[PDB]
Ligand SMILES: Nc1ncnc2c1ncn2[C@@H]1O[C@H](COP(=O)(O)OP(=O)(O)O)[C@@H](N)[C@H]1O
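Next comes just one chain, in C-alpha cells: the form deposited without the named molecule.
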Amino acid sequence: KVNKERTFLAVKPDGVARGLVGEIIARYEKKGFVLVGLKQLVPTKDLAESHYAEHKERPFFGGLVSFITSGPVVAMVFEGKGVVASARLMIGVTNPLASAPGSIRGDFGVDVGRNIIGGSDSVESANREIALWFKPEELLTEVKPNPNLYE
C-alpha cells in the first residue's frame, strides 16, 4: 500500500563532516516518516558509480563519485505516504542558494557540489537505490501505521 512507499536518502560526506546527521534524521522523524534502514559506511567506487549512473555521460560524474567515496556517508531508508516526493521537497533544489529557508539545503548549504544530502527522484529510482545500498535483511520488515499520522 500507499503508506508503505520508501525512499533512499544519503547524507553525503559534507553533511556527515559538518555534524548534520542528527538534524536531518530528526526532520524526517518529526514529519512522520519511519526509518526502515540506517547505516554509516564509506561507499565503494563500484557502488558510487551505480548510484550516480544517470550522470555517467557527463563530465561532473567523476567528481560526484570521487566525493561520495571520500569519507563516511549515512545511508537511510524512510517509509511513508508520498515519501519520495516529500523527502525531495524537504531537501530543497539542486542549487542550495536557490533552496528556500526551511529546507535542508536552504538552511545549510551554499554550493551545488557540497549539497549535504540526496534523495531518490522517483519511486522506481528509490527501489533501485534501496536495493543497491541495503541488503533486504537490513530493512525493517513491517511498519505498523501510526494512527496519529494516518487515517
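All residue numbers are counted from 1 along the displayed sequence.
Here the subject shifts to the form deposited with the named molecule bound, a form of this protein not shown in this document.
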Candidate site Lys12, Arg105 and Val112: all three near the named molecule in the entry with it bound by heavy atom within 4.5 Å: yes
Contact residue in the entry with it bound, from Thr44, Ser66, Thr94, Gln40 (heavy atom within 4.5 Å of the named molecule): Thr94
Contact label in the entry with it bound: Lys31 to the named molecule, heavy atom within 4.5 Å: no
4.5 angstroms heavy atom contact with the named molecule in the entry with it bound for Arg27: no
Contacts with the named molecule in the entry with it bound - residues in 119-138 whose heavy atoms fall within 4.5 Å: none
